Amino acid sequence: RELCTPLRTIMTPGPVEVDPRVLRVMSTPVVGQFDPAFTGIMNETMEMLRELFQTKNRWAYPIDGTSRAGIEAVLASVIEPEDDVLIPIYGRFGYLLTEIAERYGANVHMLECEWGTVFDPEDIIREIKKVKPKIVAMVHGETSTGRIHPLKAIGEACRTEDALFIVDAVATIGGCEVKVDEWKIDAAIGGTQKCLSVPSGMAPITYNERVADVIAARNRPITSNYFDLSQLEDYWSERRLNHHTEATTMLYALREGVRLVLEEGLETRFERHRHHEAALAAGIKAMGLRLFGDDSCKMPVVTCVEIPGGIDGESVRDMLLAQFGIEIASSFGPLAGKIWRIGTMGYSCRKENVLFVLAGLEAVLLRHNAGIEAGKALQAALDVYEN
């Protein structure tokens, strides 16, 4: 009755596999929040998060919940009843931002486009100019539709218009370029279990003086005590204000998981994600499958494969897991039954996984009488791995 779990090959958009070097560190005996060993770990983790987010911000630190708690914590700390919040939505995660904003009493201005595509930044900028929102909140990369949004012009427009540009980089941080200072992002929130390959359940964040200034003004309480950044900043600085018992093991794992990213090198790691995305694409293509969505804003780290006429996609996903231990994602909501989503993130983004997922998917589709030519998919991925 000790735990017994299968070894999966995980090719969803998250949570993804964790590097063995992060796994092994989690068996390390704990130290307390106020132990000098712990404060040294905290401090180094903040420095690594500044390089990771490509920022000089004084404020780069983790919060103890999932990705969404991190997003909630930022938005809660900068929204007051009736502030205008502009939110451009092109996928499922844009609606989470609106749910959060509205819950904290914001007047929410939304824009929407066709799932599968992205906005012209110009349409967002014009709306910024028109409404003069306090906050523009946006998803960098929507795993629901597989698109990644250009953010630089939008950031520069928030800064000229004196808006705070708040970004959910949960699915992109550690996998796709995210440049907080260059794109004039005012606060960014990441997550651990996607491209960083750290166990789910912590949310690294960063924000600049413009965001901190607004937080310091809070005059009326931030509604969530646990998500109060004015007390979280006292935690993550010399005061060591006893706000909550930071998560010991999870901090050890984040520390290691970010060290590994920086060892790889950011640009090298980005280019490495694109390389495996290319091998996957060529296999899927040779297999006779089509990709969903606008190919010019394709998120590098998620691939959206169209489910063919007359095949049950749930049945394919379930056989893949039950027979091969291979996990990919369906869609629930507007794209339900239209696509599978194959993630290539973090430790899961490697040659052995890309090859196993194509072999797996080919075998399961031939079993469901998909019209494929057997053997083409793997040859096309191996061609990219050799070349």
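Numbers follow the displayed sequence, beginning with 1.
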For this session: With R218 and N219 adjacent in the shown sequence, let me know how many deposited residues between them lack coordinates: none, 1 to 3, 4 to 9, or 10 or more.
Result: 10 or more
Exercise. Looking only at CA atoms, which has the higher mean B factor in the entry: 269-277 or 133-141?
Worked result: 133-141
Problem set entry | 228-236 or 109-117, whichever carries the higher mean Cα B-factor | 228-236
Problem set entry | C-alpha B-factor winner, where the candidates are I124, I222, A253, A286 | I222
Exercise. Per the PDB entry, which option out of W59, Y347, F38, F53 has the greatest Cα B factor?
Worked result: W59
Exercise. Can you tell me which third, lowest, middle or highest, the CA B-factor of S331 falls into for its chain?
Worked result: highest
Seminar exercise, completed: Chain-relative C-alpha B factor for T98 (record values, thirds): the highest
Exercise. Based on the entry's values, in what third of the chain does the Cα temperature factor of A370 lie: lowest, middle or highest?
Worked result: highest
Exercise. Sorting the chain's CA B-factors, does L321 end up in the lowest, middle or highest third?
Worked result: middle
Seminar exercise, completed: For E362, the third of its chain by CA B-factor is the middle
